[PDB]
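Printed here is target_24.cif (mmCIF, N, CA and C atoms):
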data_final
loop_
_atom_site.label_atom_id
_atom_site.label_comp_id
_atom_site.auth_asym_id
_atom_site.auth_seq_id
_atom_site.Cartn_x
_atom_site.Cartn_y
_atom_site.Cartn_z
N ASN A 1 36.11 27.26 -19.17
CA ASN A 1 36.25 26.20 -18.20
C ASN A 1 36.26 24.79 -18.79
N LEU A 2 36.38 23.82 -17.88
CA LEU A 2 36.46 22.40 -18.19
C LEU A 2 35.21 21.69 -18.66
N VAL A 3 34.02 22.21 -18.34
CA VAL A 3 32.78 21.63 -18.84
C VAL A 3 32.73 21.92 -20.35
N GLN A 4 33.12 23.15 -20.69
CA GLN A 4 33.21 23.61 -22.07
C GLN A 4 34.32 22.92 -22.83
N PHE A 5 35.42 22.54 -22.16
CA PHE A 5 36.49 21.80 -22.81
C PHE A 5 35.95 20.42 -23.20
N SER A 6 35.31 19.73 -22.25
CA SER A 6 34.66 18.45 -22.50
C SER A 6 33.67 18.54 -23.67
N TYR A 7 32.94 19.66 -23.81
CA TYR A 7 32.07 19.88 -24.95
C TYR A 7 32.83 20.07 -26.24
N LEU A 8 33.98 20.78 -26.22
CA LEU A 8 34.78 21.01 -27.42
C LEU A 8 35.43 19.73 -27.93
N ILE A 9 35.72 18.81 -26.98
CA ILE A 9 36.28 17.49 -27.25
C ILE A 9 35.26 16.64 -27.99
N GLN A 10 34.02 16.58 -27.48
CA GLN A 10 32.98 15.77 -28.11
C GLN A 10 32.53 16.25 -29.46
N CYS A 11 32.69 17.56 -29.70
CA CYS A 11 32.35 18.16 -30.97
C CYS A 11 33.41 17.85 -32.01
N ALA A 12 34.69 17.97 -31.63
CA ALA A 12 35.81 17.69 -32.54
C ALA A 12 35.94 16.22 -32.89
N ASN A 13 35.55 15.33 -31.97
CA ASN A 13 35.57 13.91 -32.24
C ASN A 13 34.23 13.34 -32.69
N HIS A 14 33.09 14.03 -32.54
CA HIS A 14 31.79 13.52 -33.00
C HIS A 14 31.28 12.26 -32.30
N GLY A 15 31.33 12.23 -30.96
CA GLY A 15 30.84 11.09 -30.21
C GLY A 15 31.73 9.86 -30.17
N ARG A 16 32.66 9.63 -31.12
CA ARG A 16 33.48 8.42 -31.09
C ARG A 16 34.25 8.09 -29.81
N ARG A 17 34.66 9.04 -28.97
CA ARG A 17 35.33 8.69 -27.71
C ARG A 17 34.90 9.56 -26.52
N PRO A 18 34.55 9.03 -25.33
CA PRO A 18 34.29 9.75 -24.06
C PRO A 18 35.44 10.63 -23.58
N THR A 19 35.17 11.77 -22.91
CA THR A 19 36.20 12.69 -22.40
C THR A 19 37.05 12.05 -21.29
N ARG A 20 36.39 11.16 -20.55
CA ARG A 20 36.98 10.32 -19.51
C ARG A 20 38.20 9.56 -20.01
N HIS A 21 38.15 9.13 -21.27
CA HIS A 21 39.23 8.37 -21.89
C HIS A 21 40.54 9.12 -22.05
N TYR A 22 40.40 10.44 -22.12
CA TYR A 22 41.52 11.34 -22.30
C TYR A 22 42.09 11.86 -21.00
N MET A 23 41.41 11.74 -19.85
CA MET A 23 41.92 12.33 -18.61
C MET A 23 42.94 11.49 -17.86
N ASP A 24 43.13 10.22 -18.22
CA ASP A 24 44.20 9.46 -17.63
C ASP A 24 44.91 8.70 -18.73
N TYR A 25 45.59 9.49 -19.57
CA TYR A 25 46.35 8.94 -20.67
C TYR A 25 47.81 9.39 -20.62
N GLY A 26 48.71 8.44 -20.87
CA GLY A 26 50.14 8.67 -20.90
C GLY A 26 50.73 9.33 -19.66
N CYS A 27 51.68 10.23 -19.95
CA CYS A 27 52.39 10.98 -18.92
C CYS A 27 51.85 12.37 -18.61
N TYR A 28 51.21 13.01 -19.59
CA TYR A 28 50.73 14.37 -19.45
C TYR A 28 49.22 14.59 -19.41
N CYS A 29 48.40 13.67 -19.94
CA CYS A 29 46.96 13.85 -19.89
C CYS A 29 46.50 13.56 -18.47
N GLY A 30 45.78 14.56 -17.96
CA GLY A 30 45.39 14.59 -16.56
C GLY A 30 46.13 15.71 -15.83
N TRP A 31 46.95 16.46 -16.59
CA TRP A 31 47.74 17.63 -16.19
C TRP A 31 48.95 17.47 -15.29
N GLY A 32 49.37 16.24 -14.97
CA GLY A 32 50.59 16.05 -14.19
C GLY A 32 51.80 16.02 -15.11
N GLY A 33 52.58 17.10 -15.09
CA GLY A 33 53.77 17.24 -15.91
C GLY A 33 54.86 16.26 -15.50
N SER A 34 55.26 15.37 -16.41
CA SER A 34 56.22 14.33 -16.10
C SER A 34 56.88 13.67 -17.30
N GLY A 35 58.20 13.46 -17.21
CA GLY A 35 59.02 12.79 -18.21
C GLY A 35 58.83 13.19 -19.66
N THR A 36 58.73 12.14 -20.48
CA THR A 36 58.56 12.28 -21.92
C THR A 36 57.10 12.02 -22.29
N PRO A 37 56.48 12.82 -23.18
CA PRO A 37 55.22 12.48 -23.84
C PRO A 37 55.39 11.18 -24.61
N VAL A 38 54.66 10.16 -24.15
CA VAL A 38 54.78 8.82 -24.71
C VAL A 38 54.19 8.63 -26.10
N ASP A 39 53.31 9.56 -26.49
CA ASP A 39 52.43 9.38 -27.64
C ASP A 39 52.14 10.72 -28.32
N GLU A 40 51.44 10.65 -29.45
CA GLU A 40 51.00 11.84 -30.17
C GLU A 40 49.94 12.57 -29.34
N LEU A 41 48.99 11.78 -28.83
CA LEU A 41 47.93 12.24 -27.95
C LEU A 41 48.46 12.78 -26.65
N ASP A 42 49.59 12.23 -26.20
CA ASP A 42 50.18 12.70 -24.97
C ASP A 42 50.84 14.05 -25.16
N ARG A 43 51.37 14.32 -26.36
CA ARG A 43 51.95 15.62 -26.68
C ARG A 43 50.87 16.68 -26.78
N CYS A 44 49.66 16.31 -27.24
CA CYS A 44 48.52 17.23 -27.26
C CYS A 44 48.20 17.75 -25.88
N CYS A 45 48.37 16.87 -24.88
CA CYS A 45 48.05 17.17 -23.51
C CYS A 45 49.11 17.99 -22.83
N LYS A 46 50.37 17.84 -23.26
CA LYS A 46 51.47 18.63 -22.73
C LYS A 46 51.32 20.05 -23.24
N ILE A 47 51.14 20.19 -24.56
CA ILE A 47 50.94 21.47 -25.22
C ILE A 47 49.77 22.23 -24.61
N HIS A 48 48.70 21.50 -24.27
CA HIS A 48 47.49 22.04 -23.65
C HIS A 48 47.76 22.54 -22.24
N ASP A 49 48.53 21.77 -21.47
CA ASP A 49 48.93 22.11 -20.11
C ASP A 49 49.83 23.33 -20.10
N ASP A 50 50.68 23.43 -21.13
CA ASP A 50 51.56 24.56 -21.36
C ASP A 50 50.80 25.79 -21.83
N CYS A 51 49.71 25.58 -22.57
CA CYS A 51 48.91 26.66 -23.13
C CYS A 51 48.20 27.43 -22.03
N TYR A 52 47.60 26.61 -21.16
CA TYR A 52 46.95 27.03 -19.94
C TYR A 52 47.92 27.74 -18.99
N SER A 53 49.24 27.56 -19.14
CA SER A 53 50.22 28.25 -18.30
C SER A 53 50.51 29.67 -18.77
N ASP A 54 50.59 29.86 -20.09
CA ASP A 54 50.77 31.17 -20.69
C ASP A 54 49.56 32.03 -20.36
N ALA A 55 48.40 31.36 -20.39
CA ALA A 55 47.13 31.95 -20.08
C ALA A 55 47.22 32.52 -18.68
N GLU A 56 47.61 31.71 -17.70
CA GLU A 56 47.70 32.16 -16.32
C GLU A 56 48.73 33.27 -16.07
N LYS A 57 49.78 33.35 -16.93
CA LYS A 57 50.78 34.41 -16.89
C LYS A 57 50.25 35.70 -17.49
N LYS A 59 49.20 35.66 -18.32
CA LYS A 59 48.59 36.85 -18.92
C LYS A 59 47.42 37.35 -18.08
N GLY A 60 47.11 36.63 -16.99
CA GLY A 60 46.04 37.00 -16.08
C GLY A 60 44.76 36.22 -16.33
N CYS A 61 44.82 35.31 -17.30
CA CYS A 61 43.68 34.50 -17.68
C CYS A 61 43.56 33.24 -16.83
N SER A 67 42.54 33.10 -15.98
CA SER A 67 42.37 31.85 -15.24
C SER A 67 41.62 30.91 -16.17
N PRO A 68 42.22 29.78 -16.57
CA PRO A 68 41.63 28.81 -17.49
C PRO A 68 40.37 28.17 -16.90
N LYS A 69 40.42 28.01 -15.58
CA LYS A 69 39.36 27.47 -14.74
C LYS A 69 38.17 28.42 -14.75
N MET A 70 38.40 29.67 -14.33
CA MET A 70 37.35 30.67 -14.29
C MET A 70 36.97 31.35 -15.62
N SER A 71 37.57 30.99 -16.77
CA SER A 71 37.18 31.59 -18.04
C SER A 71 36.03 30.87 -18.75
N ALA A 72 34.81 31.39 -18.67
CA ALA A 72 33.70 30.84 -19.45
C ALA A 72 33.61 31.64 -20.75
N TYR A 73 34.06 31.02 -21.83
CA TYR A 73 34.11 31.67 -23.12
C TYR A 73 32.93 31.36 -24.03
N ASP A 74 33.05 31.78 -25.29
CA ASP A 74 32.00 31.60 -26.27
C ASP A 74 32.55 30.87 -27.48
N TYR A 75 31.81 29.82 -27.84
CA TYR A 75 32.14 28.95 -28.95
C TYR A 75 30.88 28.52 -29.70
N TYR A 76 31.11 27.83 -30.81
CA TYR A 76 30.04 27.25 -31.58
C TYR A 76 30.55 25.93 -32.11
N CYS A 77 29.73 24.89 -31.90
CA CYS A 77 30.06 23.58 -32.41
C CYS A 77 29.40 23.38 -33.76
N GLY A 78 30.21 23.57 -34.80
CA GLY A 78 29.76 23.34 -36.16
C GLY A 78 29.88 21.87 -36.51
N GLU A 79 29.63 21.57 -37.78
CA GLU A 79 29.69 20.20 -38.26
C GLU A 79 31.11 19.70 -38.53
N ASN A 80 32.10 20.60 -38.57
CA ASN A 80 33.49 20.21 -38.81
C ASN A 80 34.30 20.24 -37.51
N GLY A 81 33.63 20.58 -36.41
CA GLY A 81 34.25 20.67 -35.11
C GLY A 81 34.10 22.07 -34.54
N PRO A 82 34.65 22.37 -33.35
CA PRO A 82 34.49 23.64 -32.67
C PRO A 82 35.29 24.85 -33.15
N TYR A 83 34.73 26.03 -32.86
CA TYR A 83 35.39 27.28 -33.18
C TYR A 83 35.01 28.37 -32.20
N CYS A 84 36.00 29.23 -31.92
CA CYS A 84 35.86 30.31 -30.96
C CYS A 84 35.27 31.57 -31.58
N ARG A 85 34.44 32.24 -30.78
CA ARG A 85 33.74 33.43 -31.22
C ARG A 85 34.17 34.73 -30.56
N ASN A 86 35.09 34.68 -29.59
CA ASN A 86 35.56 35.89 -28.92
C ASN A 86 36.62 36.59 -29.77
N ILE A 87 36.64 37.92 -29.76
CA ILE A 87 37.61 38.67 -30.54
C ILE A 87 38.17 39.68 -29.56
N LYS A 88 37.24 40.43 -28.95
CA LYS A 88 37.53 41.52 -28.02
C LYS A 88 37.94 41.08 -26.63
N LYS A 89 37.14 40.23 -25.98
CA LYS A 89 37.43 39.69 -24.65
C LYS A 89 38.61 38.72 -24.77
N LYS A 90 39.82 39.30 -24.77
CA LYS A 90 41.07 38.61 -25.06
C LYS A 90 41.49 37.39 -24.26
N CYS A 91 41.24 37.34 -22.94
CA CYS A 91 41.56 36.17 -22.14
C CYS A 91 40.62 35.00 -22.42
N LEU A 92 39.35 35.29 -22.74
CA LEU A 92 38.38 34.27 -23.09
C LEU A 92 38.74 33.63 -24.42
N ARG A 93 39.22 34.43 -25.38
CA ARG A 93 39.65 33.89 -26.66
C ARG A 93 40.95 33.11 -26.53
N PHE A 94 41.92 33.53 -25.70
CA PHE A 94 43.16 32.78 -25.52
C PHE A 94 42.85 31.40 -24.97
N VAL A 95 42.14 31.32 -23.83
CA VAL A 95 41.78 30.05 -23.22
C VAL A 95 40.90 29.19 -24.13
N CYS A 96 40.06 29.79 -24.97
CA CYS A 96 39.26 29.05 -25.95
C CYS A 96 40.16 28.35 -26.97
N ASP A 97 41.23 29.03 -27.37
CA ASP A 97 42.18 28.49 -28.33
C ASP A 97 42.97 27.33 -27.77
N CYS A 98 43.25 27.33 -26.46
CA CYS A 98 43.96 26.24 -25.83
C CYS A 98 43.11 24.99 -25.89
N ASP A 99 41.84 25.13 -25.51
CA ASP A 99 40.87 24.05 -25.53
C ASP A 99 40.41 23.57 -26.90
N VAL A 100 40.28 24.47 -27.89
CA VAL A 100 39.87 24.11 -29.24
C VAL A 100 40.99 23.36 -29.93
N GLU A 101 42.23 23.83 -29.81
CA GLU A 101 43.33 23.17 -30.49
C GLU A 101 43.66 21.81 -29.90
N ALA A 102 43.39 21.63 -28.60
CA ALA A 102 43.59 20.36 -27.91
C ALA A 102 42.50 19.39 -28.29
N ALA A 103 41.27 19.89 -28.42
CA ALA A 103 40.14 19.08 -28.82
C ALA A 103 40.33 18.43 -30.20
N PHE A 104 40.79 19.22 -31.17
CA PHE A 104 41.09 18.72 -32.50
C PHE A 104 42.29 17.80 -32.54
N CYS A 105 43.29 18.11 -31.72
CA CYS A 105 44.48 17.29 -31.59
C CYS A 105 44.10 15.89 -31.12
N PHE A 106 43.29 15.80 -30.06
CA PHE A 106 42.84 14.55 -29.48
C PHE A 106 42.13 13.62 -30.44
N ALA A 107 41.36 14.25 -31.35
CA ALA A 107 40.55 13.56 -32.35
C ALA A 107 41.33 13.01 -33.54
N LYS A 108 42.29 13.81 -34.00
CA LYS A 108 43.14 13.44 -35.12
C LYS A 108 44.27 12.51 -34.69
N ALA A 109 44.60 12.52 -33.39
CA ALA A 109 45.64 11.67 -32.83
C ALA A 109 45.15 10.25 -32.59
N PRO A 110 45.97 9.23 -32.92
CA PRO A 110 45.73 7.84 -32.57
C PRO A 110 45.73 7.56 -31.08
N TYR A 111 44.78 6.71 -30.71
CA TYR A 111 44.64 6.33 -29.32
C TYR A 111 45.18 4.92 -29.10
N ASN A 112 46.32 4.81 -28.42
CA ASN A 112 46.82 3.52 -27.96
C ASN A 112 46.05 3.16 -26.70
N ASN A 113 45.26 2.09 -26.68
CA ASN A 113 44.58 1.70 -25.45
C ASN A 113 45.58 1.22 -24.38
N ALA A 114 46.75 0.79 -24.88
CA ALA A 114 47.88 0.37 -24.08
C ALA A 114 48.59 1.53 -23.40
N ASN A 115 48.37 2.79 -23.81
CA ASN A 115 49.00 3.92 -23.13
C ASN A 115 48.06 4.65 -22.17
N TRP A 116 46.81 4.17 -22.05
CA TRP A 116 45.84 4.68 -21.09
C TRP A 116 46.16 4.07 -19.72
N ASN A 117 46.24 4.92 -18.69
CA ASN A 117 46.45 4.56 -17.28
C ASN A 117 47.76 3.82 -17.02
N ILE A 118 48.87 4.41 -17.50
CA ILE A 118 50.17 3.79 -17.26
C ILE A 118 50.67 4.21 -15.88
N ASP A 119 51.61 3.44 -15.31
CA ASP A 119 52.17 3.77 -14.01
C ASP A 119 53.10 4.95 -14.26
N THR A 120 52.63 6.16 -13.97
CA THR A 120 53.38 7.37 -14.24
C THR A 120 54.59 7.58 -13.34
N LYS A 121 54.62 6.84 -12.23
CA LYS A 121 55.71 6.91 -11.28
C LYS A 121 56.94 6.25 -11.89
N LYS A 122 56.67 5.22 -12.70
CA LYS A 122 57.70 4.45 -13.37
C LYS A 122 57.98 4.89 -14.79
N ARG A 123 56.90 5.03 -15.56
CA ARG A 123 56.95 5.38 -16.98
C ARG A 123 57.19 6.86 -17.28
N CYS A 124 56.82 7.76 -16.36
CA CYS A 124 56.95 9.18 -16.63
C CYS A 124 57.99 9.92 -15.80
N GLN A 125 59.14 9.27 -15.64
CA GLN A 125 60.29 9.93 -15.05
C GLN A 125 61.24 10.33 -16.17
#
How does this structure look as structure tokens?
Amino acid sequence: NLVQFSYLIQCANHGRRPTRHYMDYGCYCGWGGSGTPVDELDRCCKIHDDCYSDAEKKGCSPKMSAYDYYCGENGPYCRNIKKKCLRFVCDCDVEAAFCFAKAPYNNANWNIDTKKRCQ
């Protein structure tokens, strides 16, 4: 689920940025599919939204999947092997968490008018 995603985000970035900062960024962060990914960070969010879609096609509800992870000192990692839907959804969230951290944050691309900018 999303509480765990927020935890995987803070682990991969190490406190430097709030999860709130990522939920209304560009055209795709916040899950509204629209236009072109404006940024590197915005492509992380499109890929993540798309990841969660394959998940739902395999029977995995991203919302209802409470998986198992461990936050190490280099960032998060998934511990599921057998419970296959929990590991798939964990991978969507872990790879997005690391993407968000390694990606540059344009403060100018946070909260853009998506009606205009994301067509």
Hits of the PyMOL selection byres ((chain A and resi 8) around 6.5) in this structure, as a compact mmCIF listing (two decimals) with N, CA and C atoms, in the coordinates of the input:
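File part06.txt, as written:
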# COMPACT_ATOMS: atom_id res chain seq x y z
N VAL A 3 34.02 22.21 -18.34
CA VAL A 3 32.78 21.63 -18.84
C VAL A 3 32.73 21.92 -20.35
N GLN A 4 33.12 23.15 -20.69
CA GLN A 4 33.21 23.61 -22.07
C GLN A 4 34.32 22.92 -22.83
N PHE A 5 35.42 22.54 -22.16
CA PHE A 5 36.49 21.80 -22.81
C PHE A 5 35.95 20.42 -23.20
N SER A 6 35.31 19.73 -22.25
CA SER A 6 34.66 18.45 -22.50
C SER A 6 33.67 18.54 -23.67
N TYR A 7 32.94 19.66 -23.81
CA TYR A 7 32.07 19.88 -24.95
C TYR A 7 32.83 20.07 -26.24
N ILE A 9 35.72 18.81 -26.98
CA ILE A 9 36.28 17.49 -27.25
C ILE A 9 35.26 16.64 -27.99
N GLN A 10 34.02 16.58 -27.48
CA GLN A 10 32.98 15.77 -28.11
C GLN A 10 32.53 16.25 -29.46
N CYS A 11 32.69 17.56 -29.70
CA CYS A 11 32.35 18.16 -30.97
C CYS A 11 33.41 17.85 -32.01
N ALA A 12 34.69 17.97 -31.63
CA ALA A 12 35.81 17.69 -32.54
C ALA A 12 35.94 16.22 -32.89
N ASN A 13 35.55 15.33 -31.97
CA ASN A 13 35.57 13.91 -32.24
C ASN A 13 34.23 13.34 -32.69
N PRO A 82 34.65 22.37 -33.35
CA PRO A 82 34.49 23.64 -32.67
C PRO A 82 35.29 24.85 -33.15
N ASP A 99 41.84 25.13 -25.51
CA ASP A 99 40.87 24.05 -25.53
C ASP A 99 40.41 23.57 -26.90
N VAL A 100 40.28 24.47 -27.89
CA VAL A 100 39.87 24.11 -29.24
C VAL A 100 40.99 23.36 -29.93
N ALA A 103 41.27 19.89 -28.42
CA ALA A 103 40.14 19.08 -28.82
C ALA A 103 40.33 18.43 -30.20
N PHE A 104 40.79 19.22 -31.17
CA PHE A 104 41.09 18.72 -32.50
C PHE A 104 42.29 17.80 -32.54
DSSP-assigned helix (DSSP H, G or I) members of region 29-99 of chain A, reported as a list in words: residues 40, 41, 42, 43, 44, 45, 46, 47, 48, 49, 50, 51, 52, 53, 54, 55, 56, 57, 90, 91, 92, 93, 94, 95, 96, 97, 98 and 99 of chain A
What would the file look like if the residues just selected were written as a PDB file, in the frame of the given file with N, CA and C atoms?
ATOM      1  N   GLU A  40      51.440  10.650 -29.450  1.00  0.00           N
ATOM      2  CA  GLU A  40      51.000  11.840 -30.170  1.00  0.00           C
ATOM      3  C   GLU A  40      49.940  12.570 -29.340  1.00  0.00           C
ATOM      4  N   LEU A  41      48.990  11.780 -28.830  1.00  0.00           N
ATOM      5  CA  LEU A  41      47.930  12.240 -27.950  1.00  0.00           C
ATOM      6  C   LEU A  41      48.460  12.780 -26.650  1.00  0.00           C
ATOM      7  N   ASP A  42      49.590  12.230 -26.200  1.00  0.00           N
ATOM      8  CA  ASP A  42      50.180  12.700 -24.970  1.00  0.00           C
ATOM      9  C   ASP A  42      50.840  14.050 -25.160  1.00  0.00           C
ATOM     10  N   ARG A  43      51.370  14.320 -26.360  1.00  0.00           N
ATOM     11  CA  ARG A  43      51.950  15.620 -26.680  1.00  0.00           C
ATOM     12  C   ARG A  43      50.870  16.680 -26.780  1.00  0.00           C
ATOM     13  N   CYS A  44      49.660  16.310 -27.240  1.00  0.00           N
ATOM     14  CA  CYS A  44      48.520  17.230 -27.260  1.00  0.00           C
ATOM     15  C   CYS A  44      48.200  17.750 -25.880  1.00  0.00           C
ATOM     16  N   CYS A  45      48.370  16.870 -24.880  1.00  0.00           N
ATOM     17  CA  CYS A  45      48.050  17.170 -23.510  1.00  0.00           C
ATOM     18  C   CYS A  45      49.110  17.990 -22.830  1.00  0.00           C
ATOM     19  N   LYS A  46      50.370  17.840 -23.260  1.00  0.00           N
ATOM     20  CA  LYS A  46      51.470  18.630 -22.730  1.00  0.00           C
ATOM     21  C   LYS A  46      51.320  20.050 -23.240  1.00  0.00           C
ATOM     22  N   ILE A  47      51.140  20.190 -24.560  1.00  0.00           N
ATOM     23  CA  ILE A  47      50.940  21.470 -25.220  1.00  0.00           C
ATOM     24  C   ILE A  47      49.770  22.230 -24.610  1.00  0.00           C
ATOM     25  N   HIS A  48      48.700  21.500 -24.270  1.00  0.00           N
ATOM     26  CA  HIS A  48      47.490  22.040 -23.650  1.00  0.00           C
ATOM     27  C   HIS A  48      47.760  22.540 -22.240  1.00  0.00           C
ATOM     28  N   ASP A  49      48.530  21.770 -21.470  1.00  0.00           N
ATOM     29  CA  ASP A  49      48.930  22.110 -20.110  1.00  0.00           C
ATOM     30  C   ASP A  49      49.830  23.330 -20.100  1.00  0.00           C
ATOM     31  N   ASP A  50      50.680  23.430 -21.130  1.00  0.00           N
ATOM     32  CA  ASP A  50      51.560  24.560 -21.360  1.00  0.00           C
ATOM     33  C   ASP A  50      50.800  25.790 -21.830  1.00  0.00           C
ATOM     34  N   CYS A  51      49.710  25.580 -22.570  1.00  0.00           N
ATOM     35  CA  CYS A  51      48.910  26.660 -23.130  1.00  0.00           C
ATOM     36  C   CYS A  51      48.200  27.430 -22.030  1.00  0.00           C
ATOM     37  N   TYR A  52      47.600  26.610 -21.160  1.00  0.00           N
ATOM     38  CA  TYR A  52      46.950  27.030 -19.940  1.00  0.00           C
ATOM     39  C   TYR A  52      47.920  27.740 -18.990  1.00  0.00           C
ATOM     40  N   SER A  53      49.240  27.560 -19.140  1.00  0.00           N
ATOM     41  CA  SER A  53      50.220  28.250 -18.300  1.00  0.00           C
ATOM     42  C   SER A  53      50.510  29.670 -18.770  1.00  0.00           C
ATOM     43  N   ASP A  54      50.590  29.860 -20.090  1.00  0.00           N
ATOM     44  CA  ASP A  54      50.770  31.170 -20.690  1.00  0.00           C
ATOM     45  C   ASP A  54      49.560  32.030 -20.360  1.00  0.00           C
ATOM     46  N   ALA A  55      48.400  31.360 -20.390  1.00  0.00           N
ATOM     47  CA  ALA A  55      47.130  31.950 -20.080  1.00  0.00           C
ATOM     48  C   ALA A  55      47.220  32.520 -18.680  1.00  0.00           C
ATOM     49  N   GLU A  56      47.610  31.710 -17.700  1.00  0.00           N
ATOM     50  CA  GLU A  56      47.700  32.160 -16.320  1.00  0.00           C
ATOM     51  C   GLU A  56      48.730  33.270 -16.070  1.00  0.00           C
ATOM     52  N   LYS A  57      49.780  33.350 -16.930  1.00  0.00           N
ATOM     53  CA  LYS A  57      50.780  34.410 -16.890  1.00  0.00           C
ATOM     54  C   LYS A  57      50.250  35.700 -17.490  1.00  0.00           C
ATOM     55  N   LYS A  90      39.820  39.300 -24.770  1.00  0.00           N
ATOM     56  CA  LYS A  90      41.070  38.610 -25.060  1.00  0.00           C
ATOM     57  C   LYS A  90      41.490  37.390 -24.260  1.00  0.00           C
ATOM     58  N   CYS A  91      41.240  37.340 -22.940  1.00  0.00           N
ATOM     59  CA  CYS A  91      41.560  36.170 -22.140  1.00  0.00           C
ATOM     60  C   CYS A  91      40.620  35.000 -22.420  1.00  0.00           C
ATOM     61  N   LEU A  92      39.350  35.290 -22.740  1.00  0.00           N
ATOM     62  CA  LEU A  92      38.380  34.270 -23.090  1.00  0.00           C
ATOM     63  C   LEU A  92      38.740  33.630 -24.420  1.00  0.00           C
ATOM     64  N   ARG A  93      39.220  34.430 -25.380  1.00  0.00           N
ATOM     65  CA  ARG A  93      39.650  33.890 -26.660  1.00  0.00           C
ATOM     66  C   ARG A  93      40.950  33.110 -26.530  1.00  0.00           C
ATOM     67  N   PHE A  94      41.920  33.530 -25.700  1.00  0.00           N
ATOM     68  CA  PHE A  94      43.160  32.780 -25.520  1.00  0.00           C
ATOM     69  C   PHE A  94      42.850  31.400 -24.970  1.00  0.00           C
ATOM     70  N   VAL A  95      42.140  31.320 -23.830  1.00  0.00           N
ATOM     71  CA  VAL A  95      41.780  30.050 -23.220  1.00  0.00           C
ATOM     72  C   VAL A  95      40.900  29.190 -24.130  1.00  0.00           C
ATOM     73  N   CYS A  96      40.060  29.790 -24.970  1.00  0.00           N
ATOM     74  CA  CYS A  96      39.260  29.050 -25.950  1.00  0.00           C
ATOM     75  C   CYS A  96      40.160  28.350 -26.970  1.00  0.00           C
ATOM     76  N   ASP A  97      41.230  29.030 -27.370  1.00  0.00           N
ATOM     77  CA  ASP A  97      42.180  28.490 -28.330  1.00  0.00           C
ATOM     78  C   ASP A  97      42.970  27.330 -27.770  1.00  0.00           C
ATOM     79  N   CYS A  98      43.250  27.330 -26.460  1.00  0.00           N
ATOM     80  CA  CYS A  98      43.960  26.240 -25.830  1.00  0.00           C
ATOM     81  C   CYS A  98      43.110  24.990 -25.890  1.00  0.00           C
ATOM     82  N   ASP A  99      41.840  25.130 -25.510  1.00  0.00           N
ATOM     83  CA  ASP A  99      40.870  24.050 -25.530  1.00  0.00           C
ATOM     84  C   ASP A  99      40.410  23.570 -26.900  1.00  0.00           C
TER      85      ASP A  99
END
Counting all atoms listed in the file, the option among A:2, A:113, A:91, A:101 closest to residue 61 (chain A): A:91
Non-local contacts of residue 54 (chain A) (10 Å; only C-alpha atoms; under 4 positions in same chain excluded) as a ChimeraX atom specification: /A:49-50,59-61,68,94-95,98
Counting only C-alpha atoms, the residue of A:109, A:114, A:96, A:87 that sits nearest residue 44 (chain A):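 Residue with the minimum atom-to-atom distance to residue 44 (chain A): A:109.
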The PyMOL selection byres (((chain A and resi 26 and name CA) around 9) and name CA) resolved against shown file, as a ChimeraX atom specification: /A:24-25,27-30,37-39,41-42,115-120,123-124
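As for atom C of residue 17 (chain A) and atom N of residue 97 (chain A), they are spaced 20.5 Å apart.
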Residue nearest residue 18 (chain A) - candidates A:125, A:107, A:112, A:52, atoms counted: only C-alpha atoms: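 Ranking A:125, A:107, A:112, A:52 by distance to residue 18 (chain A), first place goes to A:107.
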Among listed residues A:108, A:32, A:19, A:1, nearest residue 73 (chain A) (using only N, CA and C atoms):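 Of A:108, A:32, A:19, A:1, the one nearest residue 73 (chain A) is A:1, counting only N, CA and C atoms.
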Would you fill out region 73-80 of chain A with N, CA, C and O atoms and return it as a PDB file, in the frame of the given file?
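Ended up saving to result04.pdb:
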ATOM      1  N   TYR A  73      34.060  31.020 -21.830  1.00  0.00           N
ATOM      2  CA  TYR A  73      34.110  31.670 -23.120  1.00  0.00           C
ATOM      3  C   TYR A  73      32.930  31.360 -24.030  1.00  0.00           C
ATOM      4  O   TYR A  73      31.933  30.767 -23.617  1.00  0.00           O
ATOM      5  N   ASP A  74      33.050  31.780 -25.290  1.00  0.00           N
ATOM      6  CA  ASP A  74      32.000  31.600 -26.270  1.00  0.00           C
ATOM      7  C   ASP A  74      32.550  30.870 -27.480  1.00  0.00           C
ATOM      8  O   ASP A  74      33.568  31.225 -28.067  1.00  0.00           O
ATOM      9  N   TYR A  75      31.810  29.820 -27.840  1.00  0.00           N
ATOM     10  CA  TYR A  75      32.140  28.950 -28.950  1.00  0.00           C
ATOM     11  C   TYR A  75      30.880  28.520 -29.700  1.00  0.00           C
ATOM     12  O   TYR A  75      29.747  28.776 -29.295  1.00  0.00           O
ATOM     13  N   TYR A  76      31.110  27.830 -30.810  1.00  0.00           N
ATOM     14  CA  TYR A  76      30.040  27.250 -31.580  1.00  0.00           C
ATOM     15  C   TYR A  76      30.550  25.930 -32.110  1.00  0.00           C
ATOM     16  O   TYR A  76      31.644  25.831 -32.670  1.00  0.00           O
ATOM     17  N   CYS A  77      29.730  24.890 -31.900  1.00  0.00           N
ATOM     18  CA  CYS A  77      30.060  23.580 -32.410  1.00  0.00           C
ATOM     19  C   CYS A  77      29.400  23.380 -33.760  1.00  0.00           C
ATOM     20  O   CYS A  77      28.203  23.114 -33.861  1.00  0.00           O
ATOM     21  N   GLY A  78      30.210  23.570 -34.800  1.00  0.00           N
ATOM     22  CA  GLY A  78      29.760  23.340 -36.160  1.00  0.00           C
ATOM     23  C   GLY A  78      29.880  21.870 -36.510  1.00  0.00           C
ATOM     24  O   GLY A  78      30.226  21.010 -35.689  1.00  0.00           O
ATOM     25  N   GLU A  79      29.630  21.570 -37.780  1.00  0.00           N
ATOM     26  CA  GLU A  79      29.690  20.200 -38.260  1.00  0.00           C
ATOM     27  C   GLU A  79      31.110  19.700 -38.530  1.00  0.00           C
ATOM     28  O   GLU A  79      31.321  18.501 -38.696  1.00  0.00           O
ATOM     29  N   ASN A  80      32.100  20.600 -38.570  1.00  0.00           N
ATOM     30  CA  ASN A  80      33.490  20.210 -38.810  1.00  0.00           C
ATOM     31  C   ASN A  80      34.300  20.240 -37.510  1.00  0.00           C
ATOM     32  O   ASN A  80      35.502  19.969 -37.484  1.00  0.00           O
TER      33      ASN A  80
END
